[PDB]
Amino acid sequence: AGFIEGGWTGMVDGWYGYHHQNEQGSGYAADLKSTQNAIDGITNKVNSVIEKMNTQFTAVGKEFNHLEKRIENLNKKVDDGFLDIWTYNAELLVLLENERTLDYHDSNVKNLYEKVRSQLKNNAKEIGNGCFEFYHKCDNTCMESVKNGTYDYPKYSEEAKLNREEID
Amino acid sequence: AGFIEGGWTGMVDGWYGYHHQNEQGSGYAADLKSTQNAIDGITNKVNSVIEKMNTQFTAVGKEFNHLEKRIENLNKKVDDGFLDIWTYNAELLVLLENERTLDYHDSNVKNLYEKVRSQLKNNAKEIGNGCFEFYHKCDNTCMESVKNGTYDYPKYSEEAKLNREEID
Amino acid sequence: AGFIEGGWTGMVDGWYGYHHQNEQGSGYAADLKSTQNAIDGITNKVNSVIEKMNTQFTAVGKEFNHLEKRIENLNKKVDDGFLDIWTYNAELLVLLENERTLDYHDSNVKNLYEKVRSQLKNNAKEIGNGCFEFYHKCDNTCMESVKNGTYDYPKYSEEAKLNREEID
Amino acid sequence: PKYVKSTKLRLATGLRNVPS
Amino acid sequence: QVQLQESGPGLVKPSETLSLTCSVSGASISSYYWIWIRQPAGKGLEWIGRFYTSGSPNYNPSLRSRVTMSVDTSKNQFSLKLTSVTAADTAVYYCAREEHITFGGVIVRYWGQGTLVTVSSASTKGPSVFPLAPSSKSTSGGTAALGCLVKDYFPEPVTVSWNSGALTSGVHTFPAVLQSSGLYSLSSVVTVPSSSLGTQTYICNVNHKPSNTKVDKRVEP
Amino acid sequence: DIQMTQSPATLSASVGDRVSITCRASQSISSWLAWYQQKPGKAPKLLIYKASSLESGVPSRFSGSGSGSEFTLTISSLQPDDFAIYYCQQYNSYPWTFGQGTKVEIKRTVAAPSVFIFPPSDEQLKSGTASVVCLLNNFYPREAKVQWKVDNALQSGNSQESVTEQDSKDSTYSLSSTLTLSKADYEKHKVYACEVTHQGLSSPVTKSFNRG
Amino acid sequence: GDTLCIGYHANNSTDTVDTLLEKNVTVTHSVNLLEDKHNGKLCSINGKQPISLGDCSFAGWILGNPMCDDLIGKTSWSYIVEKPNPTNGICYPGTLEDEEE
């Protein structure tokens, strides 16, 4: 849903998460592991990008007399050139790093989706909007096992094949 | 990152698109949506990179007298330093951004093929030459429905089921 | 991006490769093609990044007298500002390019896996951890045919069909 | 802080906002 | 503001079900997570757990088997229910609001005031208030001392106010001390200019909640 | 899952002194801690989140430093109002765990108390019980002895004691020694005294009263 | 049948940032790095006494221009404020060599 479809305003405990819907109802739940890694990385990124800019001690301006006009224009050029250089660096890195930040978030979405997919290959059928419909019943315990990386595929493989082969 | 199979010299109406082959014939037809997004993005990127390099008012050279030698070497050093900095920035940005442009285009390919994947899961068979063979008859209307992202899987699910099971 | 779990301390002959396990035993074997491409790319990358730095030499410091304190401060400012600019460029290029290098390698992983998956569309079964279980017998010649991108799907399609469908 | 010529340097810490 | 008040009956019997209700003002509960935390008097703090209206709750393992969290969006409250309260379960309970996602992770800025839950076989014995004579016996210049004495009450929750909150300075509502009787005594003292001892009247309002007793008494020189 | 060692349990430091509280953790937690100031009998007030994000409005004297498993809360200039118990919470993994807490007190000039005796309420005497109070206001340190001398005879026990915590403004302590003795209406004899012995007193002070 | 879905977070934030591919990208969370509020507050820095020469040039203050006696005894500062156009400079026409040094 990075651009596939929309986000979730009801999920307010993390960047990324799941929306589960079973017999016991529905609800949002953030994935703390991937959200935590993303916070770690974006924090280190912002701090590195900002803190990398340290400059030497400078009393900037200079005024040169009527016999030092060449001396003068050179100093104004140096001042304004350091201006241009630091401005150029800040602008480019802000643009590039906002790009890379959005793309990093997209890749985190993709990785979470692929994890949930690899856990449930034939026990669930993919719904095209980043969803899965179970051929079996995934109770709260099953949902949590999917969420903390410990889904049991042989546990439900029997019921899922039965319901799958009948559905199809 | 790199996602390439082969190019189409015959599709002359867009960066990306489709090659359709049904009983009403065959032809190339560009996907205007993804091509459009790509042109927008590349245009904005190029314009941002170029227009950030703005120009000041600096008659470059200075010629100093015999009692201003160290002044003079400082000024030549400043000229050559701004030269090297701007050259370095231009070179590296061009290199990096050509790399990133090609990678962006590759990901556009991948996203389009994912979209066609999602509209057509079991109603078609994927081929290693990055194509699809329908297990049913996809006429011009079906082709257009896939091209504008409005394909109807239940419409052909039964026909595709029958032929797909017929293969074996 | 799409990173993985696990490491292969035993594979000592390349960046990437396979672990095969058939009737004739098991073993590691590096994919010379993709590692060769990655080494070409990383070599050209390091060389470009370093070559851009190579520019002209210049005796840095200047000495000014008591009636030249100001051009002296301007010269020290110029020296120190070029120092900062080059330091910052080197630092950020190191950081961002180590980032992009790890990402490039991850993408090479993904490409190799998808190549193998396209060769073994149905004749095998994705384990999940990053492997494949064959529904047929893949002896050393079969392994090599997959490794150099010439696997013969119709050759084993019938054997794989029989075994695969015997499971269900 | 550093003087620059920019009029806006807010850096994205989060991902795009897409309601509904 | 968002304000979190806390209601707990207290003195739950050793094999019963504790029911605690945190009332929420200034915030629609349906769009916030709600947290319960606890403190065994001088001991540290313990995270009981998390609940949401459109989400999935998660609880502390040691209490997991027994805790249920519910939310009433109608009355804007959320409730803990703990089955078979043990002696170790006697402690102070706090309710907090789980703020939304921040760049520094999720924050709990907003905090309840704390209610004591005691687990005892004993009863709701009302307090006994006895005023304190002036420090006229102790020549102390302009400084003078008055107070009251709350005794004979088992549940510890007790609130002392002075002139129903008007008297705000020089107050020393002491700690409650367990007497040999298994009851608690609790002294409350205010220092006051000896001049005002005539022109002003000093009343204590004592509201012992479990006994639901609200005794107010005068202090005369 | 995540056990917490917050050292040290009890501190006392004069005004202006820098204070450092260490919060060692059982596992890797990155920098995801919180620091709370729980004042006596009040809700805990979040001092720091992200271990380095000073919450808005908190005095800039507080600074959180660390990442991984070790972390330090540093008060640059300790002030009177900073008397409280300081906890460190963790929000990387459930269950969220607090440290045992660190009690920060304040070293100050030794101050003599003010002693006042309160006789038993006659209303109480009608109920067959009796209690006399010795009151010591605004002293330092907490270490004092209030003994009881009835009919010139020290009572072995029958006296309980309550000590207020450190005032936020003055950081001066207050104590009440309650004698709960009832010979019906203490119809034993009639001399009652409060032997008060404190460091801020060169010689002990004894106030006293008789029957009415 | 049951469903288990995956998605990311949304709020009511309208913070817009620029990327090279796309401008005015509304993000859920961001940080402005640019303070652009010269506040009416213009004062000293470290509680010092920043000295203004008023209608005296730097040369007029250093040389001791007679109309610049409001400056005598002005001993310490965090910085010095001079108008672009003071009235009292080098009154007898002349220059201060290396004025700029």
# chains A, B, ... in the order shown; residues from 1 in each chain; ligands from 1

call {"tool": "residues_around", "arguments": {"residues": "segment 99-105 of chain A", "least_positions_apart": "4", "cutoff": "7 Å", "atoms": "only C-alpha atoms", "output": "list in words"}}
result
residues 95 and 109 of chain A; 15 and 16 of chain D; 19 of chain G

call {"tool": "residues_around", "arguments": {"residues": "segment 63-69 of chain A", "least_positions_apart": "3", "cutoff": "8 Å", "atoms": "only C-alpha atoms", "output": "PDB file with N, CA, C and O atoms, in the first residue's frame"}}
result
ATOM      1  N   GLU A  72      39.691  42.588  -2.025  1.00  0.00           N
ATOM      2  CA  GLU A  72      38.229  42.589  -1.767  1.00  0.00           C
ATOM      3  C   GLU A  72      37.282  41.647  -2.515  1.00  0.00           C
ATOM      4  O   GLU A  72      36.657  40.792  -1.857  1.00  0.00           O
ATOM      5  N   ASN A  73      37.193  41.794  -3.839  1.00  0.00           N
ATOM      6  CA  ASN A  73      36.336  40.933  -4.644  1.00  0.00           C
ATOM      7  C   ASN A  73      36.634  39.463  -4.375  1.00  0.00           C
ATOM      8  O   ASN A  73      35.719  38.633  -4.360  1.00  0.00           O
TER       9      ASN A  73
ATOM     10  N   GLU G 100      41.201  49.003   8.617  1.00  0.00           N
ATOM     11  CA  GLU G 100      40.455  47.771   8.415  1.00  0.00           C
ATOM     12  C   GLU G 100      41.072  46.606   9.187  1.00  0.00           C
ATOM     13  O   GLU G 100      40.349  45.768   9.750  1.00  0.00           O
TER      14      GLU G 100
END

call {"tool": "interface_residues", "arguments": {"of": "chain A", "to": "chain C", "cutoff": "6 Å", "atoms": "only C-alpha atoms", "output": "PyMOL selection string"}}
result
chain A and resi 107+111+118

call {"tool": "write_last_selection", "arguments": {"atoms": "N, CA and C atoms", "output": "CSV table (one decimal), in the first residue's frame"}}
result
chain,number,residue,atom,x,y,z
A,107,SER,N,10.5,-0.5,1.1
A,107,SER,CA,11.2,-1.8,1.2
A,107,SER,C,10.8,-2.5,2.5
A,111,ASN,N,9.3,-6.2,2.8
A,111,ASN,CA,9.9,-7.3,3.6
A,111,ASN,C,8.9,-7.9,4.6
A,118,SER,N,5.8,-16.0,3.3
A,118,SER,CA,6.6,-17.3,3.5
A,118,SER,C,6.1,-18.1,4.6

call {"tool": "calpha_fit_rmsd", "arguments": {"fixed": "chain B", "moving": "chain C"}}
result
0.7 Å

call {"tool": "residues_around", "arguments": {"residues": "residue 27 of chain A", "least_positions_apart": "6", "cutoff": "9 Å", "atoms": "only C-alpha atoms", "output": "PyMOL selection string"}}
result
(chain A and resi 10-11+18-21) or (chain E and resi 52-56)

call {"tool": "atom_distance", "arguments": {"atom1": "atom CA of residue 8 of chain A", "atom2": "atom CA of residue 7 of chain G"}}
result
6.9 Å

call {"tool": "interface_residues", "arguments": {"of": "chain D", "to": "chain E", "cutoff": "12 Å", "atoms": "only C-alpha atoms", "output": "list in words"}}
result
residues 12, 13, 14 and 15 of chain D

call {"tool": "write_last_selection", "arguments": {"atoms": "N, CA, C and O atoms", "output": "compact mmCIF listing (two decimals), in the first residue's frame"}}
result
# COMPACT_ATOMS: atom_id res chain seq x y z
N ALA D 12 12.34 14.71 5.79
CA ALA D 12 11.35 13.67 6.06
C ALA D 12 11.94 12.64 7.00
O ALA D 12 12.94 11.98 6.67
N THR D 13 11.32 12.48 8.17
CA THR D 13 11.63 11.37 9.07
C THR D 13 10.68 10.21 8.88
O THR D 13 11.05 9.06 9.13
N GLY D 14 9.45 10.48 8.41
CA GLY D 14 8.45 9.46 8.22
C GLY D 14 8.12 9.20 6.76
O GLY D 14 8.65 9.82 5.84
N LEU D 15 7.21 8.25 6.58
CA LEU D 15 6.73 7.88 5.26
C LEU D 15 5.52 8.73 4.88
O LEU D 15 4.92 9.41 5.72

call {"tool": "select_by_dssp", "arguments": {"residues": "chain G", "states": "strand (DSSP E)", "output": "ChimeraX atom specification"}}
result
/G:3-8,16-17,25-26,30-32,51-52,80-81

call {"tool": "select_by_dssp", "arguments": {"residues": "chain B", "states": "alpha helix (DSSP H)", "output": "VMD selection string"}}
result
chain B and resid 32 to 52 69 to 119 140 to 147 153 to 167
